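See structure below.
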Amino acid sequence: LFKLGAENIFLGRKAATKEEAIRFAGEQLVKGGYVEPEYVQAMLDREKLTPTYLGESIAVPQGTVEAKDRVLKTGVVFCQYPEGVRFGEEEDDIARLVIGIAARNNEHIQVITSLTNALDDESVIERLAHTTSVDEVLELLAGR
Amino acid sequence: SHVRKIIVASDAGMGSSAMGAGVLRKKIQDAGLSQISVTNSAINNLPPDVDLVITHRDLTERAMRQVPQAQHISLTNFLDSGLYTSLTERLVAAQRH
């Protein structure tokens, strides 16, 4: 359902807040023609309703159901934050993997399900969180 | 009238709902309960025929309201493995029984 290559993998980023990380992911979704500009704020709007942190150092920010027509094509932006970005409810809920998603027809859970299926093992997340290799990222998510 | 439907709901039904659904789904499939179906959707969207509804305590009131006749299970944390494990064991017990 989604293409993954060097153009949508971003390693070794840093962000003081989840809002900055979400804005970067949103900017990259706009940059790759996945979404129109209005989708960036829609991702921030969705984050306010309830965090997109999914546990296990992963966050998957996406837009609201209201922004479905601002999505041009299903896409993901894989963003690595080795130092972590607080994303969940608690201060302990830190994400090192921030995966920005844009899904046609508000199908975000299908994209999330595909990603989390490939992230079912703790060793895979740890490796993805600190790797400096784009190729390794592609390998670990290629069976998705 | 057999309990076989489990659905997870949330504010947008595009975040926490995705993870909750996946984990529960996996456990159910592992238990050999192919008869039980698992899906996720926004709170605003919950079919009246649903037997089990799983949401975050902060929104369980809402789901109860849409269907207070349905069975609702409240969570506390997104990765609360302890709660998830307990709930699963329970459903299995209720399946046989």
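Naming scheme: A, B, ... for chains in displayed order of the structure tokens; residues 1 onward per chain; ligands 1 onward as shown.
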Quick check: residues of chain A within 10 Å of chain B, only C-alpha atoms, returned as a ChimeraX atom specification.
/A:46-47,49-56,59-66,88-90,93,106-114,116-117,120
Using only C-alpha atoms, which residues sit within 8 Å of residue 15 in chain A once same-chain residues fewer than 4 positions away are excluded, as a VMD selection string?
chain A and resid 20 to 21 81 85
Determine which residues of chain A receive a DSSP assignment of strand (DSSP E), computed from the backbone, and state them as a CSV table (one decimal) with N, CA, C and O atoms, in the first residue's frame.
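Generated file (states_8.csv):
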```csv
chain,number,residue,atom,x,y,z
A,9,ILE,N,12.8,8.4,4.0
A,9,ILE,CA,13.5,7.9,5.3
A,9,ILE,C,14.4,9.0,5.8
A,9,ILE,O,15.2,9.6,5.0
A,10,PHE,N,14.2,9.5,7.0
A,10,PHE,CA,14.9,10.6,7.6
A,10,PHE,C,15.5,10.2,8.9
A,10,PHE,O,14.8,10.1,9.9
A,53,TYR,N,1.0,8.4,19.8
A,53,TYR,CA,2.0,7.5,20.3
A,53,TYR,C,1.3,6.1,20.4
A,53,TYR,O,0.1,6.1,20.8
A,54,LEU,N,2.0,5.1,20.0
A,54,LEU,CA,1.4,3.8,20.0
A,54,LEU,C,2.1,2.8,21.0
A,54,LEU,O,1.8,1.6,20.9
A,55,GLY,N,3.0,3.3,21.8
A,55,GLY,CA,3.7,2.5,22.8
A,55,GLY,C,4.9,2.0,22.0
A,55,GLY,O,5.1,2.2,20.8
A,58,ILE,N,7.2,4.2,19.4
A,58,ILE,CA,6.6,4.5,18.1
A,58,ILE,C,5.5,5.5,18.2
A,58,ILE,O,4.6,5.3,19.0
A,59,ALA,N,5.5,6.5,17.3
A,59,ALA,CA,4.4,7.4,17.1
A,59,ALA,C,4.0,7.5,15.6
A,59,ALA,O,4.9,7.5,14.8
A,75,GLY,N,0.8,7.6,1.6
A,75,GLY,CA,2.2,7.7,1.8
A,75,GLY,C,2.6,7.8,3.2
A,75,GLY,O,1.8,7.9,4.1
A,76,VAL,N,3.9,7.6,3.5
A,76,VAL,CA,4.5,7.6,4.8
A,76,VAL,C,5.8,8.3,4.8
A,76,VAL,O,6.5,8.2,3.8
A,77,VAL,N,6.2,8.9,5.9
A,77,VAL,CA,7.5,9.5,6.1
A,77,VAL,C,8.1,8.9,7.4
A,77,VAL,O,7.5,9.1,8.5
A,78,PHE,N,9.1,8.2,7.3
A,78,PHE,CA,9.8,7.5,8.4
A,78,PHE,C,10.8,8.5,9.0
A,78,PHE,O,11.8,8.8,8.3
A,79,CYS,N,10.6,8.9,10.2
A,79,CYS,CA,11.5,9.9,10.9
A,79,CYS,C,12.1,9.3,12.1
A,79,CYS,O,11.4,8.9,13.1
A,80,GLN,N,13.4,9.3,12.2
A,80,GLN,CA,14.1,8.7,13.3
A,80,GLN,C,14.6,9.8,14.3
A,80,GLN,O,15.4,10.7,13.9
A,81,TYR,N,14.3,9.7,15.5
A,81,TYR,CA,14.7,10.6,16.6
A,81,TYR,C,15.4,9.8,17.7
A,81,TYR,O,14.8,9.3,18.6
A,82,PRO,N,16.7,9.5,17.5
A,82,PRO,CA,17.5,8.7,18.4
A,82,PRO,C,17.4,9.1,19.9
A,82,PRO,O,17.3,8.3,20.8
A,83,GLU,N,17.4,10.4,20.1
A,83,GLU,CA,17.3,11.0,21.4
A,83,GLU,C,15.9,11.0,22.0
A,83,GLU,O,15.6,11.3,23.2
A,84,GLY,N,14.9,10.7,21.1
A,84,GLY,CA,13.5,10.6,21.5
A,84,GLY,C,12.8,11.9,21.5
A,84,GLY,O,13.3,13.0,21.6
A,85,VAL,N,11.4,11.8,21.4
A,85,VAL,CA,10.5,12.9,21.4
A,85,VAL,C,9.3,12.5,22.3
A,85,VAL,O,8.7,11.5,21.9
A,86,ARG,N,9.0,13.2,23.3
A,86,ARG,CA,7.9,12.8,24.2
A,86,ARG,C,6.6,12.9,23.3
A,86,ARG,O,6.4,14.0,22.7
A,94,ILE,N,8.0,8.1,25.2
A,94,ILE,CA,8.9,8.7,24.3
A,94,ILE,C,9.0,7.9,23.0
A,94,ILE,O,9.1,6.7,23.0
A,95,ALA,N,8.9,8.6,21.9
A,95,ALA,CA,9.0,8.0,20.6
A,95,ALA,C,10.4,8.3,19.9
A,95,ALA,O,10.8,9.4,19.9
A,96,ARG,N,11.0,7.2,19.4
A,96,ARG,CA,12.3,7.4,18.7
A,96,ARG,C,12.0,7.2,17.2
A,96,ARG,O,12.7,7.6,16.3
A,97,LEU,N,10.8,6.6,16.9
A,97,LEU,CA,10.3,6.4,15.6
A,97,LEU,C,9.0,7.2,15.4
A,97,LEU,O,8.1,6.9,16.1
A,98,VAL,N,9.0,8.2,14.6
A,98,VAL,CA,7.9,9.1,14.3
A,98,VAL,C,7.6,8.9,12.8
A,98,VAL,O,8.3,9.3,12.0
A,99,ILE,N,6.5,8.2,12.6
A,99,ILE,CA,6.1,7.8,11.2
A,99,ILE,C,4.9,8.6,10.8
A,99,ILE,O,3.8,8.2,11.2
A,100,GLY,N,5.1,9.6,10.0
A,100,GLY,CA,4.0,10.5,9.5
A,100,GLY,C,3.3,9.8,8.4
A,100,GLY,O,3.9,9.2,7.5
A,101,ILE,N,1.9,9.7,8.5
A,101,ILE,CA,1.2,9.0,7.5
A,101,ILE,C,0.0,9.8,6.9
A,101,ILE,O,-0.6,10.7,7.5
A,102,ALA,N,-0.2,9.5,5.6
A,102,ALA,CA,-1.2,10.1,4.8
A,102,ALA,C,-1.9,8.9,4.1
A,102,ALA,O,-1.2,8.1,3.4
```
Write out as JSON, numbers by chain the residues lying within 9 Å of residue 27 in chain B, counting only C-alpha atoms and excluding same-chain residues fewer than 5 positions away.
{"B": [22, 32, 85, 88]}
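The interatomic distance for the pair CA of residue 60 in chain B and CA of residue 38 in chain B works out to 18.1 Å.
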I'd like the neighbourhood of residue 50 in chain B as an MDAnalysis selection string, where a residue qualifies if any of its atoms comes within 10 Å (using only C-alpha atoms), though same-chain residues fewer than 3 positions away should be ignored.
chainID B and resid 3:7 46:47 53 67 69:71
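Atom pair CA of residue 86 in chain B / CA of residue 28 in chain B: separated by 12.9 Å.
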